[PDB]
Amino acid sequence: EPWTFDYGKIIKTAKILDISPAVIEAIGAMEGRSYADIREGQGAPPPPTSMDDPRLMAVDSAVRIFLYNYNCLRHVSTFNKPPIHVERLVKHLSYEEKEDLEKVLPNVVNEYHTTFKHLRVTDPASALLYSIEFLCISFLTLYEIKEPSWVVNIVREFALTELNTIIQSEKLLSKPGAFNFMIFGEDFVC
Amino acid sequence: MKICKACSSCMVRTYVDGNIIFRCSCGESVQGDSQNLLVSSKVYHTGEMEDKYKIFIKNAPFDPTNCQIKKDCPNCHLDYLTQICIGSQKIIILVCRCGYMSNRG
Amino acid sequence: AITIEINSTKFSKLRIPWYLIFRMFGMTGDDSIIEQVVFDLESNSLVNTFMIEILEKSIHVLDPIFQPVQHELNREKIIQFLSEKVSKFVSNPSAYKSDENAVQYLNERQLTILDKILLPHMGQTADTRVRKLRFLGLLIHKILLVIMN
Amino acid sequence: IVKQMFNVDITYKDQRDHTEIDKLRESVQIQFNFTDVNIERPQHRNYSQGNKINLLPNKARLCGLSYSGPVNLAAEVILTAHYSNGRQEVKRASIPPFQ
Ligand SMILES: [Zn+2]
Ligand SMILES: [Zn+2]
């Protein structure tokens with residue numbers, strides 16, 4: 001099945017998470033850039049031209065952590081002690097409801113890995129755009145869940161927290177602002 | 001190994017139900033019978049197998065430091081052949097740049 | 001366990017699990033990390049089988065020092081952990097975590113250090129991280145080739 | 001080696017607080033590189049207060065001297081102060097060549 005880039009999904013995701021659309025497209029490209037310039041689209045690197053572009057791996061890693069945490073959410077019954085990011089969303093659910101999470105929640109992986117590898121070895125810019133669009137599509141699919149009602153809040157909060165954590169992690173690799181260098185207890189900082 | 005379909009990760013084997021139950025750290029299970037009944041492998045004559053010297057044997061005719069003998073090639077009828085001696089059994093292989101190989105190799 | 005220890009001016013005498021080096025540069029998928037070593041994940045072969053068993057075993061081996069980040073799939077957390085374990089001046093491990101700018105500073109310093117002292121002959125900028133990962137996979141492949149005699 | 005491998009960027013904690021700005025300041029960042037490096041031919045002084053003259057290797061061998069040439073360095077220092085308000089003050093000084 002042919003794929004084409006859809007910037008509308010990124011626009012919608014930015015609207016949902018209140019961040020600028022340039023923040024989403026800068027995933028994996030925030031290094032050596034202040035967040036103020038990132039959110040305004042200033043200094044955006046040109047699209048990748050080789051399969052050895054670290055941006056492709058970075059966006060693939062973001063999609064991977066999203067999918068990993070989603071699968072962790074869909075299999076809480078397996079983990080005797082579920083992960084903290086998932087634990088706080090299943091404290092008010094019964095064992096029957098936790099077991100029902102596997103079948104209720106849709107699988108959003110689709111064919112991401114094979115398509116991404118094919119694009120990476122074929123079209124790096126298409127690979128990056130596809131990874132970002134896939135992340136946005138997965139977030140929208142998790143966000144636009146209406147049935148059953150007892151899972152809508154869970155999936156919505158999980159998707160919001162997951163994408164916010166992803167953006168923050170990509171933000172945590174950007175240029176730091178002014179701060180107290182002596183916050184690390186020591187006489188010197190290098 | 002088995003790669004998890006959601007997150008590209010290796011999954012453990014954990015034979016429990018009379019078959020292999022591939023468990024991932026993300027909770028995914030694949031069952032996966034038939035193809036993965038091989039648990040352990042060990043080849044005891046490595047360092048002397050065919051694929052150890054495959055590239056070398058392919059490149060042997062073009063290597064100017066390889067021994068040559070005055071023997072006719074049955075394919076292109078060159079008067080000389082490259083002579084190789086690999087392994088602890090001293091397997092003699094005659095090769096040519098035309099692609100001829102002395103049966104073994 | 002397959003451990004990689006990088007001895008440089010910035011830091012030394014620290015054995016990191018091999019897959020964590022690949023994860024810090026964005027290559028978090030185990031299949032892609034292992035593909036750097038075997039060069040083909042869907043080839044039967046004979047060296048590929050042996051290498052795949054070794055790498056699969058090495059991924060799951062528990063490390064005493066890098067225990068918390070061993071199963072982490074987010075590269076920012078691994079970079080932060082390495083920064084804390086490497087930086088001389090970070091003697092207070094909890095105070096700086098409150099400040100986001102401190103975390104960003106540690107991450108940037110660690111990324112710069114890694115780009116400068118991890119295979120500098122293959123490049124010293126951030127454009128050659130994936131090429132460095134390919135070269136590291138090739139080195140591990142050669143070592144495992146020697147291992148199998 | 002001097003111009004590329006010996007760039008300094010170190011931030012030190014402010015140790016003085018006997019002033020309002022002194023309490024405001026908590027760190028100063030010292031940053032300097034070297035711009036000109038040159039090694040001359042071995043020299044020596046005769047008068048102990050005179051001009052340096054060429055030191056020939058035989059004199060160095062006899063007197064136990066060192067056949068060593070002067071090293072002249074030129075550096076550019078950038079000092080940056082930090083305060084608890086997000087601003088920074090930069091004092092940029094250029095060091096003239098010195099042995
Ligand atoms: Zn998984
Ligand atoms: Zn022939």
Side-chain angles (χ1 to χ4, degrees), chain A residues 30-38 42-43 172-190, chain C residues 8-11 80 83-84 86-92 95-117 120 124-126, chain D residues 1-39 70-99:
Chain A
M30 300 203 197
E31 291 99 310
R33 257 159 97 225
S34 84
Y35 190 48
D37 317 330
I38 290 154
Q42 278 225 18
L172 279 190
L173 302 175
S174 317
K175 216 185 127 64
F179 77 108
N180 176 29
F181 296 102
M182 293 330 135
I183 191 153
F184 331 96
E186 209 82 337
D187 39 346
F188 80 109
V189 132
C190 49
Chain C
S8 46
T9 35
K10 301 325 182 124
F11 67 97
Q80 247 284 317
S83 315
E84 157 266 311
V86 148
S87 302
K88 295 327 202 69
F89 48 84
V90 183
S91 82
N92 201 314
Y96 83 97
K97 298 181 154 274
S98 302
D99 200 310
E100 188 226 35
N101 284 9
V103 168
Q104 292 177 277
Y105 175 83
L106 274 206
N107 286 354
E108 169 157 44
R109 158 167 222 273
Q110 192 48 242
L111 275 185
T112 298
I113 283 163
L114 279 174
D115 307 318
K116 290 280 170 332
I117 65 98
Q124 280 171 111
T125 60
Chain D
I1 288 163
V2 176
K3 286 191 260 288
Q4 290 167 33
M5 279 150 249
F6 279 127
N7 310 281
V8 162
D9 195 325
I10 175 150
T11 292
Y12 268 122
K13 195 193 206 320
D14 198 312
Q15 293 281 72
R16 57 195 266 93
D17 65 319
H18 208 163
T19 290
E20 210 87 341
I21 314 197
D22 269 13
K23 302 142 209 180
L24 222 71
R25 225 170 32 241
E26 78 309 12
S27 68
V28 177
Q29 180 180 349
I30 307 126
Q31 209 182 332
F32 63 91
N33 68 9
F34 293 100
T35 44
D36 180 19
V37 202
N38 70 97
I39 313 198
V71 187
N72 313 305
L73 282 176
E76 311 243 353
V77 193
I78 304 266
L79 280 140
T80 285
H82 304 280
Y83 319 97
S84 316
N85 43 63
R87 328 285 189 126
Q88 42 150 42
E89 170 97 65
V90 156
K91 314 201 105 81
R92 157 188 289 96
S94 209
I95 314 294
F98 68 102
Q99 195 199 131

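A note on names: the letters A, B, ... follow the listed sequences, proteins ahead of strands, and every chain is numbered from 1. Both backbone and side-chain heavy atoms feed into the values below; hydrogens, waters and symmetry mates do not.
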Student: Does any part of the side chain of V28(D), heavy atoms only, come nearer than 4.5 Å to the side chain of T80(D), both counted from C-beta?
Tutor: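 No; the side chains remain at least 4.5 Å from each other.
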
Student: Not counting sequence neighbours, list each pair that qualifies as a salt bridge (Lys or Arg N to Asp or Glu O under 4.0 Å) and has a residue in residues 18-33 of chain D.
Tutor: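 Listed by first then second residue: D14(D)-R25(D), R16(D)-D22(D), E20(D)-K23(D), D22(D)-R25(D).
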
Student: So does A74(D) get a backbone contact from the side chain of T35(D), meaning a donor-acceptor N/O pair under 3.5 Å?
Tutor: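 Yes; judged by distance alone, with no hydrogens or angles, the pair exists.
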
Student: Which distance, rounded to the nearest 0.5 Å, do you find between the CG of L106(C) and the NZ of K97(C)?
Tutor: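 Reported to 0.5 Å precision, the distance equals 9.5 Å.
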
Student: Within the 4.5 Å heavy-atom criterion, are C190(A) and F188(A) side-chain neighbours or not?
Tutor: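 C190(A) reaches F188(A) side chain to side chain.
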
Student: When you look at NZ of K3(D), are more than 12 heavy atoms from neighbouring residues, nucleotides or ligands closer to it than 6.0 Å?
Tutor: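 Enclosed: over 12 neighbouring heavy atoms sit under 6.0 Å from NZ of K3(D).
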
Student: Please walk me through it: do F11(C) and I113(C) pass side-chain contact (heavy atoms from CB on, under 4.5 Å)?
Tutor: CA-CA 9 Å; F11(C) 67 97; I113(C) 283 163; 3.8 Å; yes

Student: I'd like to know if the side chain of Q80(C) pairs up with that of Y96(C) as donor and acceptor (distance under 3.5 Å, no hydrogens or angles considered).
Tutor: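 Side-chain D/A pair, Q80(C) to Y96(C): present.
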
Student: Taking side-chain contact (heavy atoms from CB on, under 4.5 Å) as the test, write out the residues that go with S34(A), two or more places apart.
Tutor: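 side-chain contact (heavy atoms from CB on, under 4.5 Å) list for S34(A), sorted by chain: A36(A), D37(A), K175(A).
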
Student: Could you tell me whether the side chain of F34(D) reaches within less than 4.5 Å of the side chain of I95(D), counting heavy atoms only?
Tutor: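 Result no, sub-4.5 Å side-chain heavy-atom pair not found.
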
Student: At what distance, to the nearest 0.5 angstrom, does OG1 of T19(D) lie from CG of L24(D)?
Tutor: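 Reported value, rounded in 0.5 Å steps: 11.0 Å.
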
Student: I need the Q104(C) CD to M30(A) CE distance, nearest 0.5 Å.
Tutor: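 Between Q104(C) CD and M30(A) CE, I get 10.5 Å after rounding to 0.5 Å.
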
Student: Would you please indicate yes or no on a ring centroid separation below 6.0 angstrom for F89(C) and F181(A)?
Tutor: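 Not close enough - the centres of the two rings lie 6.0 Å or further apart.
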
Student: Could you pull out all residues at least two apart from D99(C) that satisfy side-chain contact (heavy atoms from CB on, under 4.5 Å)?
Tutor: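 With sequence neighbours excluded, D99(C) shows a side-chain contact (heavy atoms from CB on, under 4.5 Å) to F179(A), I183(A), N101(C), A102(C), given in chain and number order.
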
Student: Does any non-hydrogen side-chain atom of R33(A) lie less than 4.5 Å from one of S174(A)?
Tutor: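 Side chain of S174(A) against side chain of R33(A), heavy atoms only: no contact under 4.5 Å found.
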
Student: Can you tell me which residue pairs pass the side chain to side chain donor-acceptor pair (under 3.5 Å) test with a partner in residues 84-96 of chain D, sequence neighbours excluded?
Tutor: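 For residues 84-96 of chain D: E76(D)-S94(D).
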
Student: Drop me the distance from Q31(D)'s CD to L79(D)'s CG, to the nearest 0.5 angstrom.
Tutor: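 So the CD of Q31(D) and the CG of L79(D) are separated by 9.5 Å.
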
Student: Of all the heavy-atom pairs spanning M182(A) and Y12(D), show the shortest one and how long it is.
Tutor: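 In terms of heavy atoms, the two residues are closest at CE-C, 3.8 Å.
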
Student: Under the side-chain contact (heavy atoms from CB on, under 4.5 Å) rule, collect the residues that match up with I39(D), sequence neighbours excluded.
Tutor: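 With neighbours one apart ignored, the set is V71(D).
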
Student: Any side-chain heavy atom of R109(C) within less than 4.5 Å of one from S87(C)?
Tutor: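 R109(C) reaches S87(C) side chain to side chain.
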
Student: Taking the side chain as everything from C-beta on, heavy atoms only, tell me whether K13(D) gets closer than 4.5 Å to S27(D).
Tutor: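 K13(D) does not reach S27(D) side chain to side chain.
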
Student: Given side-chain contact (heavy atoms from CB on, under 4.5 Å), test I21(D) with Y83(D) step by step and report yes or no.
Tutor: CA-CA 8 Å; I21(D) 314 197; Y83(D) 319 97; 3.9 Å; yes

Student: Assess whether side-chain contact (heavy atoms from CB on, under 4.5 Å) is satisfied between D115(C) and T125(C), documenting all intermediate values.
Tutor: CA-CA 6 Å; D115(C) 307 318; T125(C) 60; over 6 Å; no

Student: Please list, chain by chain and in numerical order, all residues satisfying side-chain contact (heavy atoms from CB on, under 4.5 Å) with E31(A), sequence neighbours excluded.
Tutor: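 So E31(A) forms a side-chain contact (heavy atoms from CB on, under 4.5 Å) with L173(A), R75(C), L111(C), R129(C).
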
Student: Look up atom CG in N72(D) and atom CZ in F98(D), then write down how far apart they are to the nearest 0.5 Å.
Tutor: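 Rounded to the nearest 0.5 Å, the CG-CZ separation comes to 9.0 Å.
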
Student: After noting the C-alpha distance and the side-chain angles of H82(D) and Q29(D), does the key distance pass the side-chain contact (heavy atoms from CB on, under 4.5 Å) rule?
Tutor: CA-CA 8 Å; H82(D) 304 280; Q29(D) 180 180 349; 3.4 Å; yes

Student: Going by heavy atoms in the side chains, are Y105(C) and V189(A) under 4.5 Å from each other?
Tutor: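 Yes, close enough: below the 4.5 Å cut-off.
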
